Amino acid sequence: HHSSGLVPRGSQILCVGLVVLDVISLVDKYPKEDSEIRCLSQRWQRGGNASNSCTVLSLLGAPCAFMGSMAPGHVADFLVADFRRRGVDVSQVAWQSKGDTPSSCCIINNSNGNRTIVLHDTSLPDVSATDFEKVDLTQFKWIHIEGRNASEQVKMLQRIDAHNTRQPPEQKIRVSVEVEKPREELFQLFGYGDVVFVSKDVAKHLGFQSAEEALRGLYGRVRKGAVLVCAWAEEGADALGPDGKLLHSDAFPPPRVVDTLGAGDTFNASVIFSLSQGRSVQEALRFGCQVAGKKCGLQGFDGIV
């Protein structure tokens, strides 16, 4: 291969999770099975929750690194270039010898704005705990895990905890986790991290009707001292920490809503960033809603700050 540069100790924010090639087509009308139609436009975009958050971290001004699986090939080359175009360190990518780099096909109806999605296959193995054990952690000041292969990720999280017990308080690595998909295996992740993000979608699937209901009803699952965070689209976001005080920020809707895809990852990355800079939970919550609301007014990530 090649070489990478010196990363100062304790300098980077790491996001672990999915990166995917999304091929997004805008169409006149939903295509009938077995038809051949011409789209209005097509775009290839780098997507994935962890992947989107690393783009936002870089544009906020943080050194950031992505860890996730790819296979050699033209899909990965496209994704790697797109990561580097957004200033993201890809040295910790876990290259796989079996499977395909994830690629999804997203069909957007120009009539009604409906999205029809053929999601990537699951041929590529996820980063494992044994792959994680081989990573020197000292260059990272924060590690964010997108909940995916949870039993493996639990071991990574226990590895980080084991690291932090030996560290003086200023070399402790802060940890966050996101539980974004309503899948039962992910729920054990609530019990790890200093910050846990839970999605509106998961909260609803668990029967909660508001962010307030979700935080009060799930706080019992987090580890002692942790902050639980739940954004609720246009209703803004709440956070709840050990002091029992429910914090809220309203949303900051833009003049016109252009593109809400990735708004959730923008919020997550901006809360992480604000907390990593030493701000209070209430300040981070507000900043996260402001950056996410700005993003919803813009196509993609350009111009978000």
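Residue numbers run from 1 along the displayed sequence. Here, rigid core means the biggest group of C-alpha atoms that superpose within 1.5 Å across both forms.
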Core-fitted, the stretch whose Cα atoms sit farther from this form in 8 other deposited structures of this protein, 44-52 versus 27-35, is 27-35
Overlaying the structures in 8 other deposited structures of this protein on the rigid core, point out which of 153-161 and 168-176 has the bigger RMS C-alpha shift. 168-176
Comparing 275-283 with 38-46, the higher average Cα temperature factor in the PDB entry belongs to 38-46
Should the higher mean CA B-factor in the entry be assigned to 108-116 or to 211-219? 108-116
Say you rank 167, 176, 138, 92 by Cα B-factor from the PDB entry; which sits at the top? 167
Have a look at 181, 85, 163, 200 and flag the one whose Cα has the highest B-factor in the entry. 181
B-factor third for the C-alpha atom of residue 68 within its chain: lowest
Grab the CA temperature factor for residue 189 from the record and place it in the lowest, middle or highest third of its chain. middle
Lowest, middle or highest third: which one holds residue 246 when the chain's residues are ordered by CA B-factor from the entry? middle
Taking the entry's C-alpha B-factors for this chain, is residue 252 in the lowest, middle or highest third? middle
Give the position of residue 206 by CA B-factor within its chain, expressed as the lowest, middle or highest third. highest
